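Okay, structure first, notes after.
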Amino acid sequence: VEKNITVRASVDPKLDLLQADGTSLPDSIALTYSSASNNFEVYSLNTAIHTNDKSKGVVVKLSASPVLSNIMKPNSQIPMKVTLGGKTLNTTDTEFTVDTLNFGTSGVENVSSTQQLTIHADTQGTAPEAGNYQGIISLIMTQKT
Amino acid sequence: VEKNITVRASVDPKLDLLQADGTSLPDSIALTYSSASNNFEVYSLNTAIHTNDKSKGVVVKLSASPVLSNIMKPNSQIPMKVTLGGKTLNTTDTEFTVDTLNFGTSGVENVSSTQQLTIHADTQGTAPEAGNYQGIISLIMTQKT
Amino acid sequence: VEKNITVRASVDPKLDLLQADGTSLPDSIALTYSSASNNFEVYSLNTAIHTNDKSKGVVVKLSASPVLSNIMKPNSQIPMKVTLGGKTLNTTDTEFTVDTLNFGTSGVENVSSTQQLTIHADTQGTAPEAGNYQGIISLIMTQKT
Amino acid sequence: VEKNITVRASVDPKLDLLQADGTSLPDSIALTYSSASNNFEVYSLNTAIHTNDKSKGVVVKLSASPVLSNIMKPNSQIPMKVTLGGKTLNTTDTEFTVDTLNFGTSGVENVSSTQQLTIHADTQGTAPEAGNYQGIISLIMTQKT
Amino acid sequence: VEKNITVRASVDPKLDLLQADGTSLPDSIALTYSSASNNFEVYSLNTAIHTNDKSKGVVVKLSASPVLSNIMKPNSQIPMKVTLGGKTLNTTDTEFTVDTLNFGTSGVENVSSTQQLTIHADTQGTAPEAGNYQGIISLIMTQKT
Amino acid sequence: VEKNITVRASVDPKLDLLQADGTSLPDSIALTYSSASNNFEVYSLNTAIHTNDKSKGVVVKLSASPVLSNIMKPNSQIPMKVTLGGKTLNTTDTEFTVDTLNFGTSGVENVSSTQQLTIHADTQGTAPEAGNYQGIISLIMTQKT
Amino acid sequence: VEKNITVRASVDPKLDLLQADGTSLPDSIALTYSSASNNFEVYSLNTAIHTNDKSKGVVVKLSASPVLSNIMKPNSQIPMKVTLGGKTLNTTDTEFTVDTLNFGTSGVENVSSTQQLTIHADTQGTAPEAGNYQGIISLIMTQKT
């Protein structure tokens, strides 16, 4: 036949992280460099947590510390700082209490309040070497008793 | 030599289904799960039908009823409802009359009006089992007297 | 053992043609047919020339005239026109002068300016016969005094 | 009896290494050269460790030091550095602790967190001789008390 | 006389089974194990039935019940379930009606609709013993009145 | 003495024909039949010509006309058309000029450009009799003044 | 009595060297000549050592130095270099320590890690005389305290 389309999906019944407007988080992001400040800008995205039950809190962590490294020479790299809900995320987990998520206040049941997601490839005022840089962020989420 | 590139193309002289912006349909699509509603959201795409002759209509059908099934445990699957031009597609063909396609009204000869293509892997408010899913949509399209 | 991975690489110390984003050129491409115009669409890609020394120009040519031919019936075929940097390529080599390549202006040393690579399986307003088509393009590239 | 298809499979009941999307790791990979830097680009792939029991850690090592060597003249070769989970692999085994793997946090039982697998044919800024290169990587994985 | 190449081909004038892209079916396939679920993943391939005359249906059967068996110890084996067009195949013949094959709708005369061919080495949630496994599938297909 | 391995090799110091990836040409090939068109599909392989001295051209010819004949009944056979570098080969030799071979442009000295080798068992739109077919192609190559 | 089949097998209870996929090593191999480089290409095969008891090391040696000699004229020959596990083999025994073989890490008890077997008919950049060459390699293996 003509126009064969393959459909894929990843399902996590307990938790999901979607944008405040209902769309899924972008699969990739692009940072903007500013030679005047010799540092990257802060990337901010509005996200809302979707949960199976509203009686349990959420715990968020990263699988590994994200690093933005040049593709041609990995020796040059810029650590990236990721913060969710105003608190910095790390390889050690952090807990988001149920009372601070405000489940259902947006008008949709089991949908959390808008959480500010921030990515910052912060250099210490030192210009990285010219080239193309790439990295990956692995945001983990789990319910807590 | 260096930089050998192989070119491939599938030609159907009578009929083609492309996006309203002139680009081809995506080869793959991704559905986003929502733990709050325990269901997938509707995926929508704008498409335009290209025809060899504008005086003869189009009939559309699916080769088989698509189902979104887990790659590891096919026992769990989510049937997908496909609709084109506002009418649900089924294994039994449906006819799009010529006067409802508006060939040429977009400014380009033999190009139909924008048709809404919708894929919805709807569960009956039942959470599918955790994992990643995969499926295929086979959209057949033929001209009709 | 388990998970044996074979690594392969082709090395040309003098020249390399890569995408503007740093990744390698695609090994395969697909063309989009449109029955309304009975012709293929133009495929365009951004590429950047890498050179061992920035003081020497580059020459580009095709090993043989690329032709898009049907796999079932090679009698039906569509000649393809390849153009790089805005100038049409042919089996007779064409010269890219050094001052027109802008080596180093992108911020990375010995990297040329973005060159527009275009492939067009241009039919003379004639619908090719239905079936699957396949062809290969061989892009030769050499330094010139 | 027409259409005879032979099926093969290798089973390791205790451990498996698969891509984050659930598919198996590629059997072969290709590296891209860049004469501007006279070095290869870093190849990165997302992988997830599968385990029979979540209470036991994982240990990773290489059977032999992988080396990318020319097929025509093995005297020319490029040592390759393999790193999994952010820590460099070596013929002397390295230990991945259980709490650093996050078994089950992805939503699928007994599936580890995404581990970044990186292959880099790091030349010391020295152009290898022209030709075709080939190498093999043997990634060992074992459960550790 | 140098470069002697031997050519072979099997001809069935009445029926053939080819991939949707026009190439022949793969001779060998590899299944991927996942110790997390202690089961094999489903392997799916798109195929199109080629027929001499479009007025006759197609019947599909297996010569013998395919079984995936360990090469070293045949006592350990995993039965494989084969389904084509959404209906499971068996040693007893199954009929595909002509109206269900859609001969010619793809744009090529006498070429049927894409049929989903699926192979699943379904264990009953029990881990097979370590080793290399191999099996064979003999897909018999014939025309029917 | 255990593990006795016999090694064989054919040496042609003046000319060799190898694949573009550096490996030798396949010893055996298989053609795929298509009952819809009642003809064999075109088999294409990329090859590169190796020479002792780049200053001399290459001449290519076939020892005898290749014919694809049924093993059980030679009376039924299919002539095969072989083309290298875009020009059909024949029992009468054909000349490939030195300037058309582009020796060394691939980055390896004394290695020619990629030459398209194509084999087509072109039936005249007539289905061959059912059975197994076999044939041999003897590609002769020589240097010419 | 029709269809008489003779079965032969060589049994070495203490050691066996087989391919990584479980099958036996090839009985004969073919090398590829390249007149451009006037040297043979390196032949690489994946092999795994089998042992009766995993607590003992393995020793590898050759009965006699392999030489690739022309069948018609023995005066013209090419010495062959054989390396197993990354260390070149010679007429004098070599040591493979138990800790280096990694018995059982592949998931099958008493099966060693994949050892790279390399055969190279290394000419000193001198073209051998035209003709057919044949040679034999006798790989001896023993267990050592």
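Just so we're on the same page: first chain in the structure tokens is A, next is B, and so on; residues restart at 1 for each chain, and ligands are numbered from 1 in the order they show up.
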
Result of fitting chain F on chain C (Cα atoms paired in order), as a compact mmCIF listing (two decimals) with N, CA and C atoms, in the first residue's frame:
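selection.txt was written with the following content:
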# COMPACT_ATOMS: atom_id res chain seq x y z
N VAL F 1 32.14 -14.05 24.84
CA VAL F 1 32.15 -12.56 24.89
C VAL F 1 30.90 -12.02 24.20
N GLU F 2 30.11 -11.24 24.94
CA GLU F 2 28.84 -10.74 24.46
C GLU F 2 28.96 -9.29 23.98
N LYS F 3 27.97 -8.86 23.21
CA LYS F 3 27.88 -7.49 22.72
C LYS F 3 29.12 -7.11 21.91
N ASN F 4 29.31 -7.82 20.81
CA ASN F 4 30.40 -7.50 19.88
C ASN F 4 29.90 -6.50 18.84
N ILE F 5 30.54 -5.34 18.79
CA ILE F 5 30.17 -4.26 17.88
C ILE F 5 31.33 -4.01 16.93
N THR F 6 31.03 -3.98 15.63
CA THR F 6 32.03 -3.72 14.61
C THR F 6 31.98 -2.25 14.22
N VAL F 7 33.15 -1.61 14.18
CA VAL F 7 33.28 -0.18 13.91
C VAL F 7 33.98 -0.01 12.57
N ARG F 8 33.44 0.89 11.74
CA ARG F 8 34.01 1.19 10.44
C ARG F 8 34.08 2.70 10.25
N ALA F 9 35.03 3.13 9.42
CA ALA F 9 35.21 4.54 9.14
C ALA F 9 36.04 4.71 7.88
N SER F 10 35.70 5.72 7.09
CA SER F 10 36.43 6.08 5.89
C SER F 10 37.13 7.41 6.11
N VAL F 11 38.44 7.44 5.85
CA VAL F 11 39.29 8.59 6.16
C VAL F 11 39.79 9.19 4.86
N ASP F 12 39.50 10.47 4.66
CA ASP F 12 40.06 11.25 3.56
C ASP F 12 40.80 12.44 4.15
N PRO F 13 42.11 12.35 4.37
CA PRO F 13 42.80 13.43 5.10
C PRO F 13 42.73 14.79 4.43
N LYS F 14 42.51 14.84 3.12
CA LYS F 14 42.60 16.12 2.42
C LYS F 14 41.26 16.85 2.37
N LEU F 15 40.15 16.15 2.17
CA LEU F 15 38.87 16.80 2.00
C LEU F 15 37.76 15.94 2.59
N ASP F 16 36.75 16.62 3.13
CA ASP F 16 35.54 15.98 3.63
C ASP F 16 34.36 16.91 3.38
N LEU F 17 33.18 16.31 3.24
CA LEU F 17 31.94 17.05 3.05
C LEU F 17 30.96 16.64 4.14
N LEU F 18 30.65 17.57 5.04
CA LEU F 18 29.80 17.31 6.19
C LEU F 18 28.69 18.35 6.24
N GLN F 19 27.64 18.03 6.98
CA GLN F 19 26.52 18.95 7.12
C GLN F 19 26.93 20.16 7.96
N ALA F 20 26.16 21.24 7.81
CA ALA F 20 26.48 22.48 8.52
C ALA F 20 26.46 22.29 10.03
N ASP F 21 25.71 21.30 10.52
CA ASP F 21 25.63 21.05 11.95
C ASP F 21 26.78 20.19 12.46
N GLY F 22 27.69 19.76 11.58
CA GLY F 22 28.83 18.96 11.97
C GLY F 22 28.69 17.47 11.71
N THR F 23 27.47 16.99 11.49
CA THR F 23 27.27 15.57 11.23
C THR F 23 27.61 15.24 9.78
N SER F 24 27.73 13.94 9.50
CA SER F 24 28.05 13.49 8.16
C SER F 24 26.82 13.57 7.26
N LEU F 25 27.07 13.53 5.95
CA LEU F 25 25.98 13.59 4.99
C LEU F 25 25.10 12.35 5.12
N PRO F 26 23.81 12.47 4.84
CA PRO F 26 22.93 11.30 4.91
C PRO F 26 23.38 10.23 3.92
N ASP F 27 23.29 8.97 4.34
CA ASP F 27 23.64 7.86 3.47
C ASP F 27 22.57 7.58 2.43
N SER F 28 21.30 7.81 2.76
CA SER F 28 20.19 7.58 1.85
C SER F 28 19.23 8.75 1.92
N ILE F 29 18.62 9.08 0.78
CA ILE F 29 17.65 10.16 0.70
C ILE F 29 16.42 9.64 -0.04
N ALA F 30 15.29 10.30 0.19
CA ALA F 30 14.02 9.93 -0.43
C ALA F 30 13.40 11.15 -1.09
N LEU F 31 12.99 10.99 -2.35
CA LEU F 31 12.31 12.05 -3.08
C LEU F 31 10.80 11.84 -3.01
N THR F 32 10.07 12.94 -3.04
CA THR F 32 8.61 12.94 -2.90
C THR F 32 7.98 13.31 -4.23
N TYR F 33 7.05 12.48 -4.69
CA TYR F 33 6.37 12.70 -5.95
C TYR F 33 5.10 13.52 -5.73
N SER F 34 4.73 14.29 -6.76
CA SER F 34 3.53 15.13 -6.70
C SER F 34 2.75 14.90 -7.99
N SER F 35 1.64 14.17 -7.90
CA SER F 35 0.87 13.83 -9.08
C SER F 35 0.27 15.06 -9.76
N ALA F 36 0.04 16.14 -9.02
CA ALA F 36 -0.53 17.34 -9.62
C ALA F 36 0.41 17.92 -10.68
N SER F 37 1.70 18.01 -10.36
CA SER F 37 2.69 18.54 -11.30
C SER F 37 3.39 17.45 -12.10
N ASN F 38 3.21 16.18 -11.74
CA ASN F 38 3.86 15.07 -12.43
C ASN F 38 5.38 15.25 -12.44
N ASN F 39 5.92 15.68 -11.31
CA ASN F 39 7.35 15.91 -11.18
C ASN F 39 7.76 15.74 -9.73
N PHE F 40 9.05 15.49 -9.52
CA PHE F 40 9.60 15.35 -8.18
C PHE F 40 9.97 16.71 -7.60
N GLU F 41 9.90 16.81 -6.28
CA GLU F 41 10.26 18.04 -5.59
C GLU F 41 11.76 18.12 -5.41
N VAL F 42 12.27 19.35 -5.32
CA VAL F 42 13.70 19.57 -5.18
C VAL F 42 14.13 19.24 -3.75
N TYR F 43 15.18 18.43 -3.63
CA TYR F 43 15.75 18.06 -2.34
C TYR F 43 17.00 18.90 -2.09
N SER F 44 17.01 19.62 -0.97
CA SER F 44 18.09 20.54 -0.65
C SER F 44 18.65 20.22 0.73
N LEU F 45 19.97 20.24 0.85
CA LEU F 45 20.67 19.98 2.10
C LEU F 45 21.82 20.95 2.24
N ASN F 46 22.03 21.44 3.46
CA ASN F 46 23.12 22.36 3.74
C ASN F 46 24.37 21.58 4.13
N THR F 47 25.49 21.89 3.48
CA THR F 47 26.74 21.18 3.70
C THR F 47 27.89 22.17 3.84
N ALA F 48 28.93 21.74 4.54
CA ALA F 48 30.13 22.55 4.75
C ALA F 48 31.35 21.74 4.35
N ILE F 49 32.27 22.38 3.64
CA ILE F 49 33.45 21.69 3.13
C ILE F 49 34.58 21.82 4.14
N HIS F 50 35.21 20.69 4.47
CA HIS F 50 36.35 20.64 5.36
C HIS F 50 37.61 20.37 4.55
N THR F 51 38.69 21.08 4.87
CA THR F 51 39.94 20.98 4.13
C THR F 51 41.12 20.86 5.08
N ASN F 52 42.19 20.24 4.59
CA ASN F 52 43.42 20.13 5.37
C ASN F 52 44.15 21.47 5.44
N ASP F 53 44.22 22.19 4.32
CA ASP F 53 44.87 23.49 4.25
C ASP F 53 43.90 24.47 3.60
N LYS F 54 43.73 25.64 4.23
CA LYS F 54 42.77 26.62 3.74
C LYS F 54 43.29 27.39 2.53
N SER F 55 44.56 27.21 2.15
CA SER F 55 45.15 28.02 1.09
C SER F 55 44.91 27.45 -0.30
N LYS F 56 44.22 26.32 -0.42
CA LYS F 56 43.98 25.68 -1.71
C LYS F 56 42.49 25.59 -1.97
N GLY F 57 42.10 25.71 -3.24
CA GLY F 57 40.71 25.61 -3.61
C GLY F 57 40.22 24.18 -3.66
N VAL F 58 38.94 24.03 -3.98
CA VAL F 58 38.27 22.74 -4.02
C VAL F 58 37.62 22.56 -5.39
N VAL F 59 37.73 21.36 -5.94
CA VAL F 59 37.13 21.00 -7.21
C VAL F 59 36.16 19.85 -6.98
N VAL F 60 34.99 19.94 -7.62
CA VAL F 60 33.91 18.98 -7.41
C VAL F 60 33.46 18.44 -8.76
N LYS F 61 33.22 17.13 -8.81
CA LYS F 61 32.76 16.47 -10.03
C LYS F 61 32.00 15.21 -9.65
N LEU F 62 31.27 14.68 -10.62
CA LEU F 62 30.53 13.43 -10.46
C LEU F 62 31.21 12.33 -11.25
N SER F 63 31.33 11.15 -10.63
CA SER F 63 31.96 10.03 -11.32
C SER F 63 31.19 9.64 -12.58
N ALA F 64 29.87 9.60 -12.50
CA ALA F 64 29.03 9.30 -13.65
C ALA F 64 27.73 10.06 -13.50
N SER F 65 27.06 10.28 -14.62
CA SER F 65 25.82 11.04 -14.61
C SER F 65 24.76 10.28 -13.82
N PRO F 66 24.20 10.84 -12.75
CA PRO F 66 23.19 10.11 -11.98
C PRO F 66 21.86 10.05 -12.70
N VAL F 67 21.25 8.87 -12.69
CA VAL F 67 19.95 8.64 -13.31
C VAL F 67 19.08 7.85 -12.34
N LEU F 68 17.86 8.33 -12.11
CA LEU F 68 16.91 7.65 -11.25
C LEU F 68 16.13 6.64 -12.09
N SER F 69 16.38 5.36 -11.86
CA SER F 69 15.82 4.29 -12.69
C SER F 69 14.94 3.38 -11.86
N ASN F 70 13.86 2.90 -12.48
CA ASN F 70 12.97 1.96 -11.83
C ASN F 70 13.68 0.63 -11.62
N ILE F 71 13.52 0.05 -10.42
CA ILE F 71 14.18 -1.21 -10.11
C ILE F 71 13.64 -2.36 -10.96
N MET F 72 12.33 -2.41 -11.18
CA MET F 72 11.73 -3.50 -11.94
C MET F 72 11.99 -3.38 -13.44
N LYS F 73 11.98 -2.17 -13.99
CA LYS F 73 12.14 -1.96 -15.42
C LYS F 73 13.08 -0.78 -15.65
N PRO F 74 14.37 -1.06 -15.90
CA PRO F 74 15.32 0.05 -16.09
C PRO F 74 15.03 0.92 -17.29
N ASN F 75 14.21 0.45 -18.24
CA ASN F 75 13.91 1.25 -19.43
C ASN F 75 13.27 2.59 -19.08
N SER F 76 12.56 2.67 -17.96
CA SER F 76 11.96 3.92 -17.49
C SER F 76 12.84 4.51 -16.41
N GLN F 77 13.34 5.72 -16.64
CA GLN F 77 14.28 6.34 -15.72
C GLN F 77 14.16 7.85 -15.81
N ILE F 78 14.63 8.52 -14.77
CA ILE F 78 14.55 9.98 -14.66
C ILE F 78 15.95 10.53 -14.39
N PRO F 79 16.54 11.31 -15.29
CA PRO F 79 17.82 11.95 -14.98
C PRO F 79 17.69 12.89 -13.79
N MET F 80 18.76 12.95 -12.99
CA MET F 80 18.80 13.81 -11.81
C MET F 80 19.85 14.89 -12.02
N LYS F 81 19.51 16.12 -11.64
CA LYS F 81 20.41 17.26 -11.73
C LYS F 81 20.91 17.61 -10.34
N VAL F 82 22.23 17.63 -10.17
CA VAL F 82 22.86 17.90 -8.88
C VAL F 82 23.61 19.22 -8.98
N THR F 83 23.39 20.09 -8.00
CA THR F 83 24.06 21.38 -7.93
C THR F 83 24.61 21.60 -6.52
N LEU F 84 25.85 22.06 -6.44
CA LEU F 84 26.50 22.36 -5.17
C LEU F 84 27.03 23.78 -5.22
N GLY F 85 26.73 24.56 -4.19
CA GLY F 85 27.19 25.94 -4.14
C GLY F 85 26.54 26.83 -5.18
N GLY F 86 25.37 26.45 -5.68
CA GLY F 86 24.65 27.24 -6.65
C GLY F 86 25.01 26.97 -8.10
N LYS F 87 26.04 26.16 -8.36
CA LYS F 87 26.46 25.83 -9.71
C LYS F 87 26.27 24.33 -9.96
N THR F 88 25.73 24.00 -11.13
CA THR F 88 25.40 22.62 -11.44
C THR F 88 26.67 21.79 -11.60
N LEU F 89 26.65 20.57 -11.09
CA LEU F 89 27.76 19.64 -11.25
C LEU F 89 27.58 18.82 -12.52
N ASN F 90 28.70 18.30 -13.02
CA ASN F 90 28.70 17.56 -14.28
C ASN F 90 29.88 16.59 -14.26
N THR F 91 29.88 15.67 -15.22
CA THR F 91 30.99 14.73 -15.34
C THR F 91 32.32 15.45 -15.57
N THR F 92 32.29 16.67 -16.08
CA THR F 92 33.47 17.51 -16.20
C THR F 92 33.61 18.34 -14.93
N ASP F 93 34.82 18.39 -14.38
CA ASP F 93 35.02 19.00 -13.08
C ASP F 93 34.76 20.51 -13.13
N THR F 94 34.34 21.04 -11.98
CA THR F 94 34.09 22.47 -11.81
C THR F 94 34.92 22.97 -10.63
N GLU F 95 35.32 24.23 -10.71
CA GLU F 95 36.26 24.82 -9.76
C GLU F 95 35.53 25.72 -8.78
N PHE F 96 35.81 25.54 -7.49
CA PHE F 96 35.36 26.44 -6.43
C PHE F 96 36.59 27.18 -5.92
N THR F 97 36.66 28.48 -6.21
CA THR F 97 37.83 29.26 -5.84
C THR F 97 37.93 29.37 -4.32
N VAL F 98 39.16 29.55 -3.84
CA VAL F 98 39.39 29.59 -2.39
C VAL F 98 38.66 30.78 -1.77
N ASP F 99 38.72 31.94 -2.42
CA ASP F 99 38.07 33.12 -1.87
C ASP F 99 36.55 32.97 -1.80
N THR F 100 35.98 32.07 -2.59
CA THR F 100 34.54 31.85 -2.59
C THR F 100 34.09 30.85 -1.53
N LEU F 101 35.03 30.16 -0.87
CA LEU F 101 34.68 29.16 0.13
C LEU F 101 34.65 29.72 1.55
N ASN F 102 35.30 30.86 1.79
CA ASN F 102 35.26 31.53 3.09
C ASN F 102 35.65 30.58 4.22
N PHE F 103 36.86 30.03 4.12
CA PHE F 103 37.36 29.11 5.14
C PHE F 103 37.56 29.82 6.47
N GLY F 104 36.94 29.31 7.53
CA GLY F 104 37.14 29.81 8.87
C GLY F 104 36.15 30.87 9.31
N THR F 105 35.33 31.39 8.39
CA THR F 105 34.37 32.44 8.77
C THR F 105 33.29 31.92 9.70
N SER F 106 33.08 30.61 9.77
CA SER F 106 32.08 30.05 10.66
C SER F 106 32.55 29.97 12.11
N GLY F 107 33.82 30.27 12.38
CA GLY F 107 34.38 30.18 13.71
C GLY F 107 35.25 28.97 13.94
N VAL F 108 35.19 27.98 13.05
CA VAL F 108 36.00 26.77 13.15
C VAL F 108 37.05 26.81 12.04
N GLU F 109 38.31 26.64 12.42
CA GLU F 109 39.40 26.73 11.46
C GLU F 109 39.30 25.62 10.42
N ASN F 110 39.61 25.96 9.17
CA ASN F 110 39.64 25.03 8.04
C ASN F 110 38.26 24.49 7.69
N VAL F 111 37.19 25.17 8.09
CA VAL F 111 35.82 24.78 7.74
C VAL F 111 35.24 25.84 6.82
N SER F 112 34.69 25.40 5.69
CA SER F 112 34.22 26.32 4.68
C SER F 112 32.83 26.86 5.02
N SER F 113 32.31 27.68 4.12
CA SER F 113 30.96 28.20 4.26
C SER F 113 29.93 27.13 3.91
N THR F 114 28.68 27.40 4.28
CA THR F 114 27.59 26.47 3.98
C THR F 114 27.33 26.45 2.48
N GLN F 115 27.45 25.27 1.88
CA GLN F 115 27.23 25.08 0.45
C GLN F 115 25.91 24.36 0.26
N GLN F 116 25.06 24.91 -0.61
CA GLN F 116 23.74 24.32 -0.85
C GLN F 116 23.86 23.16 -1.82
N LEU F 117 23.61 21.95 -1.33
CA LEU F 117 23.59 20.75 -2.16
C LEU F 117 22.15 20.43 -2.53
N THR F 118 21.87 20.37 -3.83
CA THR F 118 20.51 20.20 -4.33
C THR F 118 20.47 19.06 -5.33
N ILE F 119 19.48 18.18 -5.17
CA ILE F 119 19.26 17.06 -6.07
C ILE F 119 17.82 17.14 -6.57
N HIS F 120 17.65 17.11 -7.89
CA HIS F 120 16.34 17.25 -8.52
C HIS F 120 16.19 16.20 -9.61
N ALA F 121 15.25 15.28 -9.43
CA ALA F 121 14.89 14.31 -10.47
C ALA F 121 13.87 14.97 -11.39
N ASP F 122 14.37 15.81 -12.28
CA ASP F 122 13.53 16.68 -13.09
C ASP F 122 12.97 15.91 -14.28
N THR F 123 11.72 15.47 -14.16
CA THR F 123 10.99 14.97 -15.31
C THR F 123 10.52 16.13 -16.18
N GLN F 124 10.36 15.87 -17.47
CA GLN F 124 9.91 16.90 -18.39
C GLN F 124 8.39 17.02 -18.36
N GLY F 125 7.83 17.19 -17.17
CA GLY F 125 6.38 17.30 -17.04
C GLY F 125 5.65 16.06 -17.52
N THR F 126 6.27 14.89 -17.35
CA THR F 126 5.69 13.62 -17.77
C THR F 126 5.70 12.67 -16.59
N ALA F 127 4.56 12.04 -16.33
CA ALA F 127 4.45 11.15 -15.18
C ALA F 127 5.25 9.87 -15.43
N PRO F 128 6.19 9.51 -14.56
CA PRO F 128 6.89 8.23 -14.72
C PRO F 128 5.96 7.06 -14.43
N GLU F 129 6.34 5.90 -14.96
CA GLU F 129 5.54 4.70 -14.76
C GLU F 129 5.55 4.29 -13.29
N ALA F 130 4.41 3.78 -12.83
CA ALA F 130 4.25 3.42 -11.43
C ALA F 130 5.24 2.33 -11.04
N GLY F 131 5.78 2.45 -9.84
CA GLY F 131 6.73 1.50 -9.31
C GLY F 131 7.69 2.18 -8.36
N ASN F 132 8.73 1.45 -7.97
CA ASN F 132 9.75 1.94 -7.06
C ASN F 132 11.00 2.29 -7.86
N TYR F 133 11.61 3.43 -7.55
CA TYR F 133 12.77 3.93 -8.26
C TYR F 133 13.96 4.01 -7.31
N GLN F 134 15.16 3.82 -7.87
CA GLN F 134 16.38 3.91 -7.09
C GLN F 134 17.50 4.46 -7.97
N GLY F 135 18.45 5.14 -7.34
CA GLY F 135 19.59 5.71 -8.03
C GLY F 135 20.71 5.97 -7.05
N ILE F 136 21.87 6.34 -7.59
CA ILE F 136 23.06 6.60 -6.79
C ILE F 136 23.74 7.85 -7.33
N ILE F 137 24.25 8.68 -6.42
CA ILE F 137 25.02 9.87 -6.77
C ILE F 137 26.41 9.71 -6.16
N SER F 138 27.44 9.87 -6.99
CA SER F 138 28.83 9.73 -6.58
C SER F 138 29.50 11.09 -6.71
N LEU F 139 29.62 11.79 -5.58
CA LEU F 139 30.16 13.14 -5.55
C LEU F 139 31.66 13.08 -5.28
N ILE F 140 32.46 13.40 -6.30
CA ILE F 140 33.91 13.41 -6.18
C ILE F 140 34.38 14.81 -5.83
N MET F 141 35.37 14.89 -4.94
CA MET F 141 35.94 16.17 -4.53
C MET F 141 37.46 16.05 -4.48
N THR F 142 38.14 17.11 -4.90
CA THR F 142 39.59 17.14 -4.92
C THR F 142 40.07 18.55 -4.63
N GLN F 143 41.29 18.64 -4.07
CA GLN F 143 41.98 19.94 -3.93
C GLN F 143 42.69 20.30 -5.22
N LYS F 144 42.69 21.59 -5.56
CA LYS F 144 43.28 22.08 -6.79
C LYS F 144 44.28 23.19 -6.47
N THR F 145 45.37 23.22 -7.23
CA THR F 145 46.40 24.24 -7.04
C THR F 145 45.85 25.63 -7.35

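Here the DSSP assignment of strand (DSSP E), based on backbone atoms, applies within stretch 63-128 of chain D to residues 67, 68, 69, 70, 77, 78, 79, 80, 81, 82, 83, 84, 87, 88, 94, 95, 96, 111, 112, 113, 114, 115, 116, 117, 118, 119, 120 and 121 of chain D.
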